[PDB]
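Trainee: Dropping a structure here in structure tokens format, bear with me for questions.
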Number of protein chains: 4
Amino acid sequence: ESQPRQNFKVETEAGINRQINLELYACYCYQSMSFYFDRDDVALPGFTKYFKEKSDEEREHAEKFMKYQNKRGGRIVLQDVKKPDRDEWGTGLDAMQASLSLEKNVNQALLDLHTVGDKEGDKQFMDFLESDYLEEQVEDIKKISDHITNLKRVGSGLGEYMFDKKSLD
Amino acid sequence: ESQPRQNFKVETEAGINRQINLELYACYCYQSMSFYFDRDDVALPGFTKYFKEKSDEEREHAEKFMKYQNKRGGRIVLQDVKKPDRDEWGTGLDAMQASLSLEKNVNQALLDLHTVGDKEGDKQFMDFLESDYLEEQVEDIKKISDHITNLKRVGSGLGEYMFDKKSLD
Amino acid sequence: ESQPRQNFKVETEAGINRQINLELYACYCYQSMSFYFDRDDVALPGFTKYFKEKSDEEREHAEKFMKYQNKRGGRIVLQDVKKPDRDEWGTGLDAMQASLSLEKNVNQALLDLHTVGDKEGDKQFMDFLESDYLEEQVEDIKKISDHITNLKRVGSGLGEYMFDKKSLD
Amino acid sequence: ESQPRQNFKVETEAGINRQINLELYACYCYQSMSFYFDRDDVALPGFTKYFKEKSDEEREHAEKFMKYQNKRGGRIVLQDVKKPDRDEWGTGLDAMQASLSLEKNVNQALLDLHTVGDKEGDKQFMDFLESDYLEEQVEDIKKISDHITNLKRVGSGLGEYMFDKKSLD
Ligand SMILES: [Fe+3]
Ligand SMILES: [Fe+3]
Ligand SMILES: [Fe+3]
Ligand SMILES: [Fe+3]
Ligand SMILES: [Fe+3]
Ligand SMILES: [Fe+3]
Ligand SMILES: [Fe+3]
Ligand SMILES: [Fe+3]
Ligand SMILES: [Fe+3]
């Protein structure tokens, strides 16, 4: 038994390892999205930078979980990170809708991980999840939803071009 | 009779109390408008901030009247502030037209309150109304009218999106 | 179903709407208290400013709940905000005791809303309530209690006058 | 007929001359009050400075009326300024009540002068009175009323001493 281990169950430890892989997968998806919009036949530089930043955020999420795993005395076990399910991401609206779907899947996984911690009485882990993940997911899902609404509002063509300039930094 | 009371009639005092309630109602209406545009299926952040600022202005109007009531030696009597007459405010153009209608109703109420002060010979109250309310109402009604004209000019979709970015801070 | 909605029940949504109305009611009560102490036959400027600040805080509480409602994908439904139950608030001690009673009622309502979120498994909403409301209520109830103790200690007359100068900014 | 004279009646001109004398009388009264509180058997330095400042304000009021008289093409006719009706002004509360009575008498005289301007159609004079005198009188009468309430609240002795330190600069 590792030196720090206290009130830390193997199921909670295994849940963190599977959440680490999912965060790395989201990181990979956003990285793919970012360079899709850097294609010369797509060429939307606001979308490129927006998804690059989200990719870096998801990598921070994964590493924070790795750090937490060590803090509690668990052991990181890494798996393959699967390639994203698409090579190309359509319009700015398509990519934003794919992004909402991804973020809601990540959120459900975090809520399920909270449920593991809850049944095992892992009081500190529950607060760590709420404070550093659940609140941010709620913020991001609201922001992406707003973006989707505005991408429908502006339409294709000049509208998409203007959204890229005005809504994304 | 209160210590400051001089040239201050009960009808004027009662008129101020009813104007206080109307200003609080306008405050509530703009607050509702503001958070309607913060909905994820509306998502117009310029409209949100614009109506939040107007809501704060109407609250200042109400409190200035409460302060004046005390200055003259009257007594504030508060009533329920009714919920706004709509839950949802349509397009940016619809909300701007509802706002013009509200501001003109407030202006007519102020003009009617000026008429009470005039017939009672309340010289100071008349100047207080003209200097701190009537002039501002004329400015606001002109600004909202301009906004309505431009919201018709730009049309729906990208036009509404652009107006949100360019005409509202 | 709105775009952001995830793990967000209609009972929780309805509880937030009723809490919004209660926060606006507390805002209205403190606004009434503030201008009661600005009366020329009361004339306690520390009390006036103290209750004005608390009124602004309660308005922030209401708007934060409106913002949260939108974040989760709920819909704000506003109701009449009832006028406060008193027109006049007695001595500084009476107003402070009315204020403690109000704050404890708000606190119980928040605890009841936490109970709704708990039974529905709304993990993020529970943390939002604890972090942004429950902690502040505990602080305020302790501060008001201290003020009540000191208002009894100093007595009426010069004591109330001195408390206004020394204990309220 | 003087060069600037336009829409300026002899009754309005005579009313300004009598108001000038009244402002100088108020100046003299406050000057007497100020040095009464500088007596070694009174010795309230906040009261002394407060009434000295009010005396200087009333002198400014008189001179502004003299300036206005010249602006419109009238002619200043000065009269004796009568000594104040008391040699000694009692307690701080007595002096504050005498001061409220004086200010209300000045206010009624200004309102009567406004009535002269109104019946003669002197539009500019009416606005000059409202903007530079009537508004300030309403402010001062409210402030003095507040002071009277607090002087009753604190009582005699230490209360009066504390009011002198805390409520008057
Ligand atoms: Fe993540
Ligand atoms: Fe994210
Ligand atoms: Fe207003
Ligand atoms: Fe005027
Ligand atoms: Fe307005
Ligand atoms: Fe609150
Ligand atoms: Fe509070
Ligand atoms: Fe004067
Ligand atoms: Fe004065």
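Ordered as shown in the structure tokens, chains take letters A, B, and onward, while each chain numbers its residues from 1 and ligands are numbered from 1 in the order shown.
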Using only C-alpha atoms, which protein or nucleic acid residues come within 8 Å of residue 137 (chain B)? Drop anything in the same chain fewer than 3 positions from it, and give the result as an MDAnalysis selection string.
Mentor: chainID B and resid 103 107 133:134 140:141
Trainee: Select, as an mmCIF file with N, CA, C and O atoms, in the first residue's frame, those residues of chain A with any atom no more than 7 Å from chain C (distances computed using only C-alpha atoms).
Mentor:
```
data_model
loop_
_atom_site.group_PDB
_atom_site.id
_atom_site.type_symbol
_atom_site.label_atom_id
_atom_site.label_comp_id
_atom_site.auth_asym_id
_atom_site.auth_seq_id
_atom_site.Cartn_x
_atom_site.Cartn_y
_atom_site.Cartn_z
ATOM 1 N N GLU A 130 -15.900 18.497 -8.410
ATOM 2 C CA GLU A 130 -16.832 19.609 -8.540
ATOM 3 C C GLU A 130 -16.099 20.913 -8.810
ATOM 4 O O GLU A 130 -16.490 21.680 -9.695
ATOM 5 N N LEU A 134 -16.385 19.938 -12.906
ATOM 6 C CA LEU A 134 -17.814 20.046 -13.184
ATOM 7 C C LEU A 134 -18.215 21.486 -13.466
ATOM 8 O O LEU A 134 -18.993 21.749 -14.390
ATOM 9 N N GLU A 135 -17.684 22.437 -12.697
ATOM 10 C CA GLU A 135 -18.040 23.834 -12.919
ATOM 11 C C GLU A 135 -17.579 24.303 -14.296
ATOM 12 O O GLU A 135 -18.341 24.944 -15.031
ATOM 13 N N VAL A 138 -19.792 22.963 -17.182
ATOM 14 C CA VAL A 138 -21.043 23.704 -17.309
ATOM 15 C C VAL A 138 -20.809 25.024 -18.045
ATOM 16 O O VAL A 138 -21.599 25.415 -18.915
ATOM 17 N N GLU A 139 -19.705 25.711 -17.734
ATOM 18 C CA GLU A 139 -19.373 26.952 -18.436
ATOM 19 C C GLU A 139 -19.143 26.703 -19.925
ATOM 20 O O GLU A 139 -19.665 27.431 -20.778
ATOM 21 N N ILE A 141 -20.046 24.147 -21.928
ATOM 22 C CA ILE A 141 -21.222 23.691 -22.664
ATOM 23 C C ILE A 141 -22.150 24.866 -22.966
ATOM 24 O O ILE A 141 -22.763 24.931 -24.038
ATOM 25 N N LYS A 142 -22.243 25.828 -22.040
ATOM 26 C CA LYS A 142 -23.053 27.020 -22.293
ATOM 27 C C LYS A 142 -22.431 27.887 -23.382
ATOM 28 O O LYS A 142 -23.145 28.401 -24.256
ATOM 29 N N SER A 145 -22.884 26.222 -26.812
ATOM 30 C CA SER A 145 -24.279 26.359 -27.224
ATOM 31 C C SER A 145 -24.548 27.742 -27.809
ATOM 32 O O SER A 145 -25.220 27.870 -28.841
#
```
Trainee: Write as JSON, numbers by chain the residues around ligand 1, taking 8 Å as the cut-off and counting only C-alpha atoms and all ligand atoms.
Mentor: {"A": [23, 26, 27, 57, 58, 59, 60, 61, 62, 103, 106, 133, 137]}
Trainee: Write down as a PyMOL selection string the residues of region 11-123 of chain A whose backbone DSSP state falls under helix (DSSP H, G or I).
Mentor: chain A and resi 11-36+45-72+92-119+123
Trainee: Excluding residue 159 (chain B) and residues on its chain fewer than 2 positions from it, collect all residues at most 12 Å away from it, counting only C-alpha atoms, and give them as a ChimeraX atom specification.
Mentor: /A:150,153-155,158-159,162-163 /B:91-93,150-157,161-167
Trainee: Go ahead and save the picked residues with N, CA, C and O atoms, as an mmCIF file, in the first residue's frame.
Mentor:
```cif
data_model
loop_
_atom_site.group_PDB
_atom_site.id
_atom_site.type_symbol
_atom_site.label_atom_id
_atom_site.label_comp_id
_atom_site.auth_asym_id
_atom_site.auth_seq_id
_atom_site.Cartn_x
_atom_site.Cartn_y
_atom_site.Cartn_z
ATOM 1 N N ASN A 150 -25.316 31.262 -32.698
ATOM 2 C CA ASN A 150 -24.888 32.368 -33.542
ATOM 3 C C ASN A 150 -24.412 31.887 -34.903
ATOM 4 O O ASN A 150 -24.568 32.606 -35.896
ATOM 5 N N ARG A 153 -27.441 31.645 -36.788
ATOM 6 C CA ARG A 153 -27.978 32.968 -37.071
ATOM 7 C C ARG A 153 -27.286 33.600 -38.274
ATOM 8 O O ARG A 153 -27.949 34.156 -39.153
ATOM 9 N N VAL A 154 -25.955 33.489 -38.358
ATOM 10 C CA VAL A 154 -25.242 34.214 -39.407
ATOM 11 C C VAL A 154 -25.306 33.492 -40.750
ATOM 12 O O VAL A 154 -25.126 34.133 -41.791
ATOM 13 N N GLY A 155 -25.575 32.190 -40.766
ATOM 14 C CA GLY A 155 -25.637 31.460 -42.020
ATOM 15 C C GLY A 155 -24.262 31.158 -42.598
ATOM 16 O O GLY A 155 -23.222 31.419 -41.988
ATOM 17 N N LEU A 158 -20.441 34.634 -45.960
ATOM 18 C CA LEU A 158 -19.993 35.824 -45.241
ATOM 19 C C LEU A 158 -20.303 35.722 -43.757
ATOM 20 O O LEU A 158 -19.512 36.168 -42.921
ATOM 21 N N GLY A 159 -21.442 35.117 -43.409
ATOM 22 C CA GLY A 159 -21.779 34.955 -42.001
ATOM 23 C C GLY A 159 -20.732 34.163 -41.240
ATOM 24 O O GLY A 159 -20.265 34.579 -40.178
ATOM 25 N N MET A 162 -17.579 36.266 -40.869
ATOM 26 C CA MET A 162 -17.728 37.303 -39.852
ATOM 27 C C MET A 162 -17.700 36.720 -38.439
ATOM 28 O O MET A 162 -17.099 37.303 -37.536
ATOM 29 N N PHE A 163 -18.377 35.591 -38.219
ATOM 30 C CA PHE A 163 -18.323 34.948 -36.909
ATOM 31 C C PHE A 163 -16.881 34.628 -36.527
ATOM 32 O O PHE A 163 -16.462 34.855 -35.385
ATOM 33 N N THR B 91 -37.250 38.943 -31.310
ATOM 34 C CA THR B 91 -35.986 39.318 -31.926
ATOM 35 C C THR B 91 -35.419 40.554 -31.237
ATOM 36 O O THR B 91 -36.078 41.198 -30.416
ATOM 37 N N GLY B 92 -34.179 40.886 -31.589
ATOM 38 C CA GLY B 92 -33.608 42.150 -31.150
ATOM 39 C C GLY B 92 -34.475 43.336 -31.526
ATOM 40 O O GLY B 92 -34.613 44.287 -30.756
ATOM 41 N N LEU B 93 -35.091 43.284 -32.708
ATOM 42 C CA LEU B 93 -35.990 44.356 -33.119
ATOM 43 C C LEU B 93 -37.245 44.392 -32.252
ATOM 44 O O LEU B 93 -37.670 45.468 -31.826
ATOM 45 N N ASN B 150 -32.121 51.114 -37.401
ATOM 46 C CA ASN B 150 -30.981 50.343 -37.877
ATOM 47 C C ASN B 150 -31.242 48.848 -37.802
ATOM 48 O O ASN B 150 -30.723 48.093 -38.633
ATOM 49 N N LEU B 151 -32.058 48.398 -36.845
ATOM 50 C CA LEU B 151 -32.383 46.977 -36.798
ATOM 51 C C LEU B 151 -33.273 46.575 -37.967
ATOM 52 O O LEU B 151 -33.174 45.449 -38.465
ATOM 53 N N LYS B 152 -34.123 47.482 -38.443
ATOM 54 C CA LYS B 152 -34.853 47.201 -39.672
ATOM 55 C C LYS B 152 -33.917 47.237 -40.871
ATOM 56 O O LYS B 152 -34.047 46.429 -41.796
ATOM 57 N N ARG B 153 -32.957 48.165 -40.865
ATOM 58 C CA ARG B 153 -32.053 48.290 -42.000
ATOM 59 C C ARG B 153 -31.223 47.025 -42.188
ATOM 60 O O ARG B 153 -31.081 46.534 -43.311
ATOM 61 N N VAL B 154 -30.701 46.452 -41.096
ATOM 62 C CA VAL B 154 -29.772 45.335 -41.251
ATOM 63 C C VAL B 154 -30.498 44.015 -41.496
ATOM 64 O O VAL B 154 -29.893 43.083 -42.040
ATOM 65 N N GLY B 155 -31.773 43.906 -41.138
ATOM 66 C CA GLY B 155 -32.500 42.667 -41.344
ATOM 67 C C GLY B 155 -32.148 41.596 -40.323
ATOM 68 O O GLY B 155 -31.403 41.821 -39.365
ATOM 69 N N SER B 156 -32.699 40.406 -40.531
ATOM 70 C CA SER B 156 -32.451 39.325 -39.587
ATOM 71 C C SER B 156 -31.150 38.589 -39.925
ATOM 72 O O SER B 156 -30.513 38.827 -40.956
ATOM 73 N N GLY B 157 -30.754 37.690 -39.034
ATOM 74 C CA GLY B 157 -29.589 36.866 -39.279
ATOM 75 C C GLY B 157 -28.285 37.606 -39.061
ATOM 76 O O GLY B 157 -28.054 38.160 -37.982
ATOM 77 N N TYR B 161 -26.774 40.038 -35.952
ATOM 78 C CA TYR B 161 -25.502 39.709 -35.325
ATOM 79 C C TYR B 161 -24.533 40.884 -35.383
ATOM 80 O O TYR B 161 -23.879 41.210 -34.385
ATOM 81 N N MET B 162 -24.434 41.530 -36.549
ATOM 82 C CA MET B 162 -23.545 42.672 -36.741
ATOM 83 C C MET B 162 -23.985 43.879 -35.912
ATOM 84 O O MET B 162 -23.150 44.581 -35.340
ATOM 85 N N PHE B 163 -25.289 44.161 -35.869
ATOM 86 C CA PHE B 163 -25.775 45.255 -35.032
ATOM 87 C C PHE B 163 -25.365 45.042 -33.578
ATOM 88 O O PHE B 163 -24.918 45.977 -32.901
ATOM 89 N N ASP B 164 -25.500 43.805 -33.091
ATOM 90 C CA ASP B 164 -25.083 43.463 -31.733
ATOM 91 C C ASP B 164 -23.615 43.804 -31.493
ATOM 92 O O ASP B 164 -23.249 44.247 -30.398
ATOM 93 N N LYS B 165 -22.759 43.608 -32.502
ATOM 94 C CA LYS B 165 -21.330 43.860 -32.309
ATOM 95 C C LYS B 165 -20.983 45.336 -32.497
ATOM 96 O O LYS B 165 -20.140 45.871 -31.773
ATOM 97 N N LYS B 166 -21.631 46.012 -33.443
ATOM 98 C CA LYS B 166 -21.207 47.335 -33.879
ATOM 99 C C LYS B 166 -21.992 48.476 -33.253
ATOM 100 O O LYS B 166 -21.423 49.550 -33.037
ATOM 101 N N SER B 167 -23.286 48.294 -32.992
ATOM 102 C CA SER B 167 -24.094 49.388 -32.474
ATOM 103 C C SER B 167 -24.244 49.366 -30.960
ATOM 104 O O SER B 167 -24.555 50.404 -30.376
#
```
Trainee: Find the residue from C:16, C:116, C:129, C:96 that sits nearest to residue 74 (chain C); use only C-alpha atoms when measuring.
Mentor: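 Once distances to residue 74 (chain C) are computed over only C-alpha atoms, the minimum belongs to C:16.
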Trainee: With only C-alpha atoms as the counted atoms, please give the residues lying no more than 9 Å from residue 29 (chain D), apart from itself and same-chain residues fewer than 4 positions off, as a PyMOL selection string.
Mentor: chain D and resi 24-25+33-34+55+83-86+99+102
